[PDB]
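Shown next, in structure tokens, is the structure this report addresses.
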Amino acid sequence: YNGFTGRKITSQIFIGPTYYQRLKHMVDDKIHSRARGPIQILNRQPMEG
DNA sequence: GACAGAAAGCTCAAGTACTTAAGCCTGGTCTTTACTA
């Protein structure tokens with residue numbers, strides 16, 4: 001049944017329990033932004049990493 | 001003066017030196033100086 005309106009769904013959906021894994025990769029460890037931060041010593045260019 | 005031989009020359013196959021080798025990103029760990037003097 002549709003969660004929003006309560007109407008039945010015309011197609012019949014395949015459902016069941018399946019074993020799922022959470023992986024090490026998370027967005028909080030990958031999100032990054034830069035604006036006039038640290039400057040490399042030799043090239044006077046933005047840092048790496 | 002006509003031939004042949006010995007010449008410098010020239011070109012053409014093998015061998016050698018040198019080059020590049022995807023893009024971005026995240027971590028971790030280790031180490032710069034150990035050894036003779």
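Throughout, protein chains are lettered first and strands after them, A, B, ... in sequence-line order, and every chain is numbered starting at 1. The basis for the numbers below is simple: all heavy atoms, side chains too, and nothing from hydrogens, waters or symmetry mates.
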Which pair of non-hydrogen atoms, one from [X] and one from [Y], has the smallest distance, and what is that distance?
X: A:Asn2; Y: A:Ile9; answer: N-CG1, 4.1 Å
X: A:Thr10; Y: A:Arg7; answer: OG1-NH1, 3.8 Å
X: A:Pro46; Y: A:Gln40; answer: O-OE1, 4.1 Å

Once you round it to whole Å, what is the distance between [atom2] of [N] and [atom1] of [X]?
X: A:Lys30; N: B:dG27; atom1: NZ; atom2: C1'; result: 12 Å
X: A:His25; N: B:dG27; atom1: NE2; atom2: P; result: 12 Å
X: A:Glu48; N: B:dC24; atom1: CD; atom2: P; result: 10 Å
X: A:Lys24; N: B:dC25; atom1: NZ; atom2: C1'; result: 13 Å
X: A:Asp28; N: B:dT26; atom1: CG; atom2: P; result: 16 Å
X: A:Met26; N: B:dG27; atom1: CE; atom2: P; result: 14 Å
X: A:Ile31; N: B:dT26; atom1: CD1; atom2: P; result: 13 Å

* Measuring from A:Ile39:CD1 to A:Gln45:CD, what's the distance to the nearest 0.5 Å? ->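 Atom-to-atom, A:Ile39:CD1 and A:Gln45:CD are 8.0 Å apart.
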
* **For B:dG27, the sugar region implied by its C1'-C2'-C3'-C4' torsion sign** =>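 That sugar belongs to the north family, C3'-endo side.
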
* Based on the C1'-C2'-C3'-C4' dihedral, does B:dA14 have a north or a south sugar? ->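 South, since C1'-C2'-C3'-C4' is negative for B:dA14.
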
* Stacked, yes or no: B:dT32 with B:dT33, six-ring centres under 5.5 Å, planes under 30°? ->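 Base stacking for B:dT32 and B:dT33: not present.
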
Distance check, [atom1] atoms only: [N] and [M], in whole angstrom units.
N: B:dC12; M: B:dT16; atom1: P; value: 23 Å
N: B:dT19; M: B:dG15; atom1: P; value: 23 Å
N: B:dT26; M: B:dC30; atom1: P; value: 22 Å

